[PDB]
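Notes follow the structure.
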Ligand SMILES: CCCCCCCCCCCCCCCCCC(=O)OC[C@H](COP(=O)([O-])OCC(O)COP(=O)([O-])OC[C@@H](COC(=O)CCCCCCCCCCCCCCCCC)OC(=O)CCCCCCCCCCCCCCCCC)OC(=O)CCCCCCCCCCCCCCCCC
Ligand code: BCL
Ligand SMILES: COC(C)(C)C/C=C/C(C)=C/C=C/C(C)=C/C=C/C(C)=C/C=C/C=C(C)/C=C/C=C(\C)CC/C=C(\C)CCC=C(C)C
Ligand SMILES: COC(C)(C)C/C=C/C(C)=C/C=C/C(C)=C/C=C/C(C)=C/C=C/C=C(C)/C=C/C=C(\C)CC/C=C(\C)CCC=C(C)C
Ligand SMILES: COC(C)(C)C/C=C/C(C)=C/C=C/C(C)=C/C=C/C(C)=C/C=C/C=C(C)/C=C/C=C(\C)CC/C=C(\C)CCC=C(C)C
Ligand SMILES: COC(C)(C)C/C=C/C(C)=C/C=C/C(C)=C/C=C/C(C)=C/C=C\C=C(C)\C=C\C=C(/C)CC/C=C(\C)CCC=C(C)C
Ligand SMILES: [Fe+2]
């Protein structure tokens, strides 16, 4: 129904799925790197 | 009455979703302030 | 009368919701002022 | 959706070539990073 | 690619003598002149002036002021023209000695200063009244007088008021080209570091803001002069794409904009606030604050 | 006739490389101009008396 | 006291909402700051003092 | 508390969203910097000290 | 949480993505500099000392 | 992870490629100048 | 004394309420600060002393 | 003297009332502060002495 | 009054600086409200009225009483905005979202969009105090002679595509200001057309107009009168010409 | 977000770099390539200012100060805690300013208006650079530049000016002063004139350019014209900043002593030196 952008729930779910894929990839990389930096030099 | 063009139902849905997000934010924040109070209390 | 063109009913409604929000605010503030007073009073 | 005028096929092609070049870049860069760890380590 | 800085083609005609809106035409002149050296950057007509009563007051008093200072310059120079044209900048009608306090100085330099100052008083106030009247006769608003009054406020604060509050005409400014600079320096040095006079900082803010603003306004109006933005009075009433384009430039740039009348309102304030804040900051120097760096330390903008 | 690449992928690849290298050339031009600016400044400073490099500090 | 719902017949909810939100926030900040600037109400300095850190 | 959703019959979600996003980010940055300037909560200096570096 | 996808019924991908890139790169640079500011956590000087160079 | 090709439906690729060229060259000079500053990591 | 509702026929209640609100907040802040100045009415210092904190 | 009411035929009521408010506030704020300056008239310091606090 | 704190560290200096902060606040209010007389109420791309009408309220209407019996102008007002409102706009939304452009559907120099936009000023000319028209051709302006500079009249008019289109004929002048606003062209096509002096650079041998190319010089709006020119025609002309710095650039050479 | 006339101008184009990528608006603001750059640089510089004062432990906005490296550091890059922050913030500030100018350019050519405004701004960037980039390089060290503190760049001004005695005697400084004063003057006069025409006495009609010209001809015998006054104030500001940049680039590079000793070349001209009279005899 409401769309200030034109996208209907369908295109929205599609775009969201891909965006979240990218986000979880980014986050995986960052988690790996944080674990590493903890091993090498902890900060807590 | 609607200064933005919404109806009560569009608003109610938007608000359920906003509330979901807000409660998720608050949840993570609570987890973190807890971990902190366990690691270096400020009270 | 209206300087903004609202009717008594929409206004009564707005005021209801505004007062509810205000009272929630004050309630949480009171919780906090009490906690603070128990932990470190000022009066 | 297509904001830029491209279709899924054209976009697939363009992405294939882009990521070709990307993996080339990362290959060269990891090589050079290795050689530098050889020269002046930093961990 | 024509930026409209220098006029390419000049034109002229019979001089534009004036507009009779209640002006006394006999107090007006009838001789004009053309001088193209200006036509390149502005109108070339060195047009008729108004010779009125207040104007005569001003001219007479101020010429006496000028020639008085020149007289003391001569006496201070040994009447040697070469000394005059040598020490011209180093000379001074220095201000009275503090011994006299606010009394009429019992010296020559001092009373000459006092008299020259009386003349300046007469001249400046006559000119202010002349602004008011010239804007009242053409039926215009008195914005120019209330702007000048701001300048007068500072000038008074420096010559008349601040000293009366401090009890010495020694505090007032000498009439020289380098001695009034020395006065400013010694004023800062005596009273802390004037920079820490918040009202000094504000007057500075508004001086820099006046330059900022006039460059902005002028560059805009030359940018939209290709749509006749130079004609402003007609874009306040009959808006055109000049005003719209200028407004939208500033909107898309910094998020807010003005109108072809409200930018003029902004200008009238950045100008007068330069001398309103200065007057106050000078009044308060020595009457309320003997040192400003310590006031800052105490007030938190300077460190202990 | 010459310059004709039959393949679609090779045509796309040489185009994108051209675009990327164009951008990098712009950036290099900018960096080089900045460099010439600062370095010419320093050099012209070497032409100045020795009292330029003696001046007291304002501590700030 | 019963008619106060007419401040909505006089004012516009948008401007009042934003304004009073700004007001509450800046007030909260000023107050927290006044505390922090006093060693007996700085929860942080007090904590590092209480826990012997 | 049962008609808060009516706020969106008042404010536009685009603006509200951008505003609160900026607000939260700056708030977080300021709190983090505050701690970072208090050396009893500077997690970096702590971890240096706790792990002897 | 089920319906977060409606965010793209509010915002446009283009502006959102510009924002995201800018903000993430800014944040990364900021934190890297934060670290390089400490004589510790500065991988470069740490390695310099560790290997006695 | 496989539907990332949809970014070229969002952004014109010509300009994106020029921009990447700029970004990467500038990042390179940034790090080289960072490293050059340090005597341990300077090579000249 | 009873005719004082006619000042609403000279003044726009909007202007007046905004101006009263501002005046009131500023007066209050001013006074509370004139108090925080005097060591005898700084209720915070008073509490510190009373409670031996 | 009973014909002083023509003042409302000369001056506008709105302008007069606003000017009057500002005038009186500034006078009063001023008088109270002049009184504050002298200690003998600083009711707060006076109280601190009356009650020996 | 040295060392005289009313309370705490507060002396005349502190009181004055704070009073200034207050006055300044009121002043920013005043100015940013007086900058609202034109343009508000805020619109969407749909032409509607939006929820965010600013945090500063639009001020109360004032009145401009015009010279020469042109009437009363009230700002802010609906008549003011509706007169200067353009309609039948050749524009197409680039996206359903807001904050994105709107493309010109057809020829923009003609359709009056973008840098080539114009505003419906009133088809009455600009007047001096005496009520005579402001812009007269130099031939009706009695007494007007070139007092300096290069007299352009009779010089060819080179355009952005470096091609030539005609010869200057007459100079339109601001008599009360004594300066040249527009210059007229005797075009090859047998037509007369104006061009602002600020957009024409007088060389020794010619007049250069790098704004527009030659195809455009013919479709320039004309004047219903050859002795006068109204504000409307001025805006149309000036917009048309200025739009060539964007919409005829593929043609501009050198 | 739009004004009642903002639409027909919201068309594509007028972009030096980029294209469709970045031709959009965020609220009222236009953001192109250079909008993104200026936002990034500004935000980074701001956050670094805050971290610098955080490391210091200062949180008062008036006492916050990020200072340049020592003078002994010379022109090398320093540790972030001893000048590196100031240097990065300088980099970011300059990028931000130049990008603001180029954004203004993009907008000026989308709205089809001249490029006078970015030109004017360029002089200010030039002066900032004169202070923090050029003058140092020629003087040999970054530490001769000014700090990023509200009340500390004033201390830099004071000390730098008292190095050469009363800076008032620098002539280029004199011209800067004079043009600044005349700028404020002309600004006030312009605004007052226009407002006095548009907003005249009660019960009178609006006025016109003829009345302005006549009032100022009456007052001082000359009127510069509606275009000439804009031209004039613009040039005044620019020449002011020009003289101000000229005054500083020659202070510690070509001149080294008190500035008063400069004017003594007029005294010491052989045909009025020995004369015993006046101040210098
Ligand atoms: C605890 C405290 C907390 C904080 C408290 C804060 C309280 C805030 C309250 C609100 C105040 C807001 C004031 C700003 C509004 C003005 C807006 C505007 O631009 O135009 C309005 C608008 C202008 O009208 P217009 O659009 O031009 O057209 C009107 C006519 O149709 C055609 O026009 P016209 O030709 O008939 O008349 C033109 C004139 C319309 O106005 C007038 O005609 C009257 C203007 C006032 C003139 C002076 C009054 C007469 C007596 C003067 C006494 C001087 C003594 C010296 C000897 C005598 C000299 C004559 O236009 C104006 O622009 C008027 C504004 C002028 C302001 C003053 C500028 C010069 C002052 C320079 C300094 C000198 C004094 C020293 C100050 C420092 C002292 C420590 O006028 C009004 O709205 C009413 C006039 C307001 C009367 C004056 C009140 C404000 C004065 C403030 C001055 C600053 C004080 C310092 C601040 C504190 C520092 C510590
Ligand atoms: C080293 C000394 C101190 C210092 C000491 C002072 C002192 C002392 C004063 C200021 C003042 C000012 N200083 Mg300083 N100032 C310093 C540092 C600075 C710096 C800087 C970058 O460091 C700047 C930019 C400024 C800025 C300023 C201005 C903002 C301000 C005066 C504005 C003005 O219009 O004056 C000039 C304006 C007038 C005098 C108006 C006079 C108008 C009348 C009507 C003239 C009559 C005309 C007459 C008849 C002549 C006829 C001519 C013919 C008809 C042609 N100063 C240093 C640190 N400065 C003034 C101020 O406000 O103090 C806070 C002031 O008095
Ligand atoms: C100063 O204080 C300090 C810094 C010390 C401490 C504080 C730090 C703070 C406050 C840090 C905050 C960090 C935050 C808030 C981080 C948030 C990160 C997030 C939200 C990251 C999201 C990343 C998402 C990514 C990388 C997504 C990428 C997606 C793609 C590359 C593919 C998407 C493809 C699409 C859309 C194609 C489909 C499109 C169409 C049109 C069909
Ligand atoms: C030196 O000074 C110090 C600080 C030390 C001492 C002085 C302190 C002072 C002066 C403090 C003053 C404090 C004051 C005056 C506080 C006032 C606070 C108020 C009035 C708070 C109000 C809060 C209101 C809230 C949070 C309202 C929330 C409302 C909602 C969430 C409901 C949403 C509304 C909707 C949806 C409207 C319905 C709309 C339609 C169309 C149906
Ligand atoms: C001195 O001051 C210090 C800092 C020391 C102390 C004081 C600190 C203060 C004053 C702190 C104040 C903090 C406050 C006021 C925090 C408030 C936080 C809030 C309200 C956070 C809210 C977060 C909400 C989130 C993240 C919501 C997210 C929602 C979504 C992702 C979904 C968006 C909506 C969608 C998709 C629905 C669209 C549907 C349709 C039909 C269009
Ligand atoms: C070529 O040689 C001849 C003799 C032919 C002519 C030469 C003339 C020359 C060389 C003239 C030179 C004049 C100069 C150098 C003038 C410089 C003046 C300067 C720089 C003045 C600067 C500031 C002056 C101020 C702020 C003075 C303010 C004075 C007042 C506000 C006066 C207020 C009233 C006072 C002091 C008391 C009198 C009051 C009453 C009511 C009688
Ligand atoms: Fe103007």
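Counting neighbours? That spans all protein chains shown, and the Cβs are built from the backbone with ideal geometry, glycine included. Values quoted throughout were computed directly from the atomic coordinates according to the rules given, and no laboratory measurement underlies them.
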Within region E:33-65, residues part of a helix (DSSP H, G or I) and loosely packed, with under 15 Cβ neighbours inside 10 Å come out as E:36, E:37, E:53, E:56, E:59, E:60, E:63
Please work out if residue N:205 is assigned to a helix (DSSP H, G or I), touching a helix residue (DSSP H, G or I) at 6+ places or on another chain (Cβ under 9 Å), over 26 Å from residue F:38 (Cα atoms) and away from ligand 5 (no atom under 16 Å from the Cβ). no
Is there a residue being part of a helix (DSSP H, G or I) and crowded, with 20+ Cβ neighbours inside 10 Å anywhere in region N:68-75? no
Subset of region N:32-61 [within 14 Å of chain E (Cβ to nearest Cβ) and in contact (Cβ under 8 Å) with a residue 12 or more places away in the chain]: N:32, N:34, N:35, N:38, N:42, N:53, N:61
Is it the case, given these coordinates, that residue M:173 is at the interface with another protein chain (Cβ under 8 Å from one of its Cβ atoms), assigned to a strand (DSSP E or B) and under 22 Å from residue M:225 (Cα atoms)? yes
Please determine whether any residue of region M:67-75 is in contact with a helix residue (DSSP H, G or I) (Cβ under 7 Å, 6 or more places away or on another chain), within 11 Å of chain N (Cβ to nearest Cβ) and either over 30 Å from residue N:191 (Cα atoms) or not in a helix (DSSP H, G or I) (or both). yes
For region E:16-32, name all the residues that are within 10 Å of chain N (Cβ to nearest Cβ), in contact with a strand residue (DSSP E or B) (Cβ under 9 Å, 6 or more places away or on another chain) and outside any helix (DSSP H, G or I). E:16, E:17, E:18, E:23, E:28, E:29, E:32
Within region E:106-118, of all residues that are outside any loop (DSSP other than H, G, I, E, B) and more than 13 Å from ligand 6 (Cβ to nearest atom), the one farthest from the other protein chains (Cβ to nearest Cβ) is E:108
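Residue by residue, here is whether (1) assigned to a helix (DSSP H, G or I); (2) farther than 25 Å from residue E:142 by Cα holds:
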| site | (1), (2) |
| --- | --- |
| N:218 | yes, no |
| N:228 | yes, no |
| N:233 | yes, no |
| N:243 | yes, yes |
| N:248 | yes, yes |
| N:254 | no, yes |
Taking the conditions exactly as written (surrounded by 16 or more Cβ atoms within 10 Å (Cβ to Cβ) and either away from chain A (no Cβ under 14 Å) or closer than 30 Å to residue J:10 by Cα (or both)), does residue M:12 satisfy them or not? yes
For region M:175-206, enumerate the residues that are over 25 Å from residue M:115 (Cα atoms) and touching a strand residue (DSSP E or B) at 6+ places or on another chain (Cβ under 7 Å). M:175, M:178, M:179, M:186, M:188, M:206
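Residue by residue, here is whether (1) surrounded by 13 or more Cβ atoms within 10 Å (Cβ to Cβ); (2) touching a strand residue (DSSP E or B) at 6+ places or on another chain (Cβ under 6 Å); (3) closer than 30 Å to residue C:11 by Cα holds:
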position: B:3; (1), (2), (3): yes, no, yes
position: B:11; (1), (2), (3): yes, no, yes
position: B:14; (1), (2), (3): yes, no, yes
position: B:19; (1), (2), (3): no, no, yes
position: B:22; (1), (2), (3): no, no, yes
position: B:28; (1), (2), (3): no, no, no
position: B:35; (1), (2), (3): no, no, no
position: B:39; (1), (2), (3): no, no, no
position: B:43; (1), (2), (3): no, no, no
Only one of these is away from ligand 3 (no atom under 16 Å from the Cβ), facing chain N (nearest Cβ under 8 Å) and in contact with a helix residue (DSSP H, G or I) (Cβ under 9 Å, 6 or more places away or on another chain): E:138, E:158, E:149, E:154. Name it. E:138
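Results for (1) over 24 Å from residue H:24 (Cβ atoms); (2) within 12 Å of ligand 4 (Cβ to nearest atom); (3) more than 12 Å from chain H (Cβ to nearest Cβ), shown as yes or no for each residue.
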site	(1), (2), (3)
B:2	yes, yes, no
B:8	yes, yes, no
B:16	no, no, no
B:21	no, no, no
B:24	no, no, yes
B:32	no, no, no
B:39	no, no, no
Residues of region H:1-10 classified as outside any helix (DSSP H, G or I) and more than 7 Å from every other protein chain (Cβ to nearest Cβ), total: 1
May I ask you to verify whether residue M:48 is without any contact (Cβ under 8 Å) to a residue 60 or more places away in the chain and either away from chain B (no Cβ under 14 Å) or surrounded by 14 or more Cβ atoms within 10 Å (Cβ to Cβ) (or both)? no
Of the numbered conditions (1) farther than 30 Å from residue A:2 by Cα; (2) within 16 Å of ligand 5 (Cβ to nearest atom), residue I:15 fails exactly one; give the number of that condition. (1)
Collect the residues in region N:147-167 that are out of contact with any strand residue (DSSP E or B) (no Cβ under 6 Å at 6 or more places or on another chain) and touching a residue at least 24 places away in the same chain (Cβ under 8 Å), keeping them in residue-number order. N:147, N:149, N:150, N:151, N:152, N:160, N:163, N:164, N:165, N:166, N:167
Taking residue F:27 as the residue in question, decide whether it is within 30 Å of the chain's Cα centre (by Cα), at negative phi and within 14 Å of chain J (Cβ to nearest Cβ). yes
Odd one out for residue E:265 among (1) surrounded by fewer than 23 Cβ atoms within 10 Å (Cβ to Cβ); (2) more than 7 Å from every other protein chain (Cβ to nearest Cβ); (3) not in a loop (DSSP other than H, G, I, E, B): (2)
Looking only at region N:113-146, which residues are free of Cβ contacts under 8 Å to residues at least 24 places away in the same chain and part of a loop (DSSP other than H, G, I, E, B)? N:113, N:114, N:115
Residue that is surrounded by the fewest Cβ atoms within 10 Å (Cβ to Cβ) [pool: residues in region N:190-231 that are at the interface with chain E (Cβ under 7 Å from one of its Cβ atoms) and closer than 16 Å to residue E:220 by Cβ]: N:228
How many residues are within 12 Å of chain A (Cβ to nearest Cβ), in contact with a helix residue (DSSP H, G or I) (Cβ under 7 Å, 6 or more places away or on another chain) and closer than 29 Å to residue A:17 by Cα if we restrict to region I:12-53? 1
Would you point out the residue of region H:30-43, among those that are part of a helix (DSSP H, G or I) and surrounded by fewer than 17 Cβ atoms within 10 Å (Cβ to Cβ), that is farthest from the chain's Cα centre (by Cα)? H:43
Would a scan of region E:275-286 turn up a residue that is more than 23 Å from residue M:177 (Cβ to Cβ) and within 7 Å of chain N (Cβ to nearest Cβ)? no
Go through (1) near ligand 6 (Cβ under 10 Å from one of its atoms); (2) within 14 Å of chain N (Cβ to nearest Cβ) for residue E:121 and report which single condition fails. (2)
